[PDB]
């Protein structure tokens, strides 16, 4: 079967590093979910305005559809997403036959410290509060694990890989 | 003005690391170009069949359109692409007001050695020969620099950042 992984966490949590590390060892196709947003939604967030559920539904559906179409062609995927509510994850699960979540997170103060070590930001620091409010804990009937971003990425990637147990036959050589 | 960067190089050259490193310091929006391919085109390549010019035109146009629409909303971008011909780069340049290329490359034997250190592969090693044939050198009237993948990524990212000279006002805080 195909596998479909979502790395979920706020901006500056290190999602790209984790997703990329997982992809490189499993053959999963990596994609960045923000690229699926409309340009206007990206611009709105860049000015510091949080999106609503209504803003996000078409985006979530396009992600679900992209994963479903990849699945149909035998392609396994891993995508990075910003904060998701439980209902948002429900929409993602409407696409491909399964979705496994890696929830990358940690104390707000550590996240803020990470962001302070960068010159450029794609998203404003002011969005962090609203994002942490949007990020709903994984619930018992979902498939996912938490990755504490205070740990080194190499450890988190190994932890993810052990949990995901992606079948070797998913990759290519 | 908005900026639009393409990191071009074959699979396993380290494009994601470079693009991600540049994005993190400039605020450029990172996207992976393969996600814009149709599922069937991804599957075709995964079986080891190289795409043709005809297969690639709609993909290149969608990348150009995505960059143009981001530009219109004031959003600067950096994307990773596999091997591109000069004519392919012409199509990318039909979109946004400018495109700067970072050409990540090196000897085939070094690329093959990098790929051998990974368990999973998104694309088969057999595609490398055809990709190296498709990757046409940057020409004098194009905007780009070569990044030798034998160098450490930290050095290449600094080299890219110095050359790109992304205005600080492109980012957010």
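Every read-out reported here was derived from the displayed coordinates using simple, explicitly stated rules and does not represent laboratory data. Positions of Cβ are backbone-derived with ideal geometry, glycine not excepted, and every protein chain shown enters the neighbour counts.
Once C-alpha pairs closer than 8 Å and six or more residues apart are averaged by separation and normalised to the residue number of chain A, the relative contact order reads 36 percent. Rounded to two decimals, the Cα-based Rg/Rh of the stretch B:34-79, with Kirkwood Rh, is 1.08. Label-to-label distances for residue A:87 across copies, nearest first, come out at 5.0 nm, using points 7 Å from Cα in the beta-carbon direction. Considering chain B as a Gaussian network with a 10 Å cut-off on Cα pairs, which listed residue, B:93, B:47, B:61, attains the greatest mean-square fluctuation? Looking only at B:93, B:47, B:61, the biggest GNM fluctuation is shown by B:47. Largest GNM mean-square fluctuation among B:162, B:16, B:134, using chain B with Cα springs under 10 Å: B:162.
Roughly what would the spin-label model give for residue B:145 and residue A:112, points 7 Å off Cα along C-beta, in nm? Simple spin-label model gives 3.6 nm for this pair. Of A:112, A:117, the sequence from fewest to most neighbouring Cβ atoms within 10 angstrom is A:117, A:112. Counting only other chain Cβ atoms within 10 Å of each residue's Cβ, the peptide B:28-40 averages 6. Both the radius of gyration and Dmax for the stretch B:6-99 are 13.2, 39 Å, in that order, over alpha-carbon atoms. Between copies, residue B:142 shows label-point distances of 4.3 nm, shortest first, with the point placed 7 angstrom from Cα along Cα to C-beta. Against the main long axis of the alpha-carbon atoms of chain A, helix A:153-164 sits at an angle near 50°. Semi-axes of the equivalent ellipsoid of chain A are 25, 20, 14 Å, computed as sqrt(5λ) over the eigenvalues of the C-alpha gyration tensor in descending order. Angle of helix A:53-72 to the longest C-alpha principal axis of chain A, folded into 0 to 90 degrees and rounded to 10: 20°.
Considering only B:13, B:62, B:76, the mean-square fluctuation computed in a Gaussian network model of chain B, springs between alpha carbons under 10 angstrom, is largest for B:62.
Entry note, chain B: the mean residue ellipticity at 222 nm calculated from DSSP H runs of n ≥ 4, each adding -39500 (n - 2.57), is -13000 deg cm²/dmol after division by the residues and rounding to the nearest 500.
Normalised by 2.2 N^0.38 Å, where N counts its residues, the alpha-carbon radius of gyration of the protein assembly as shown equals 0.93. Between the helical axis of B:15-26 and the dominant principal axis of chain B, each derived from Cα atoms, what acute angle in degrees is found, rounded to the nearest 10? Approximately 10 degrees, to the nearest ten.
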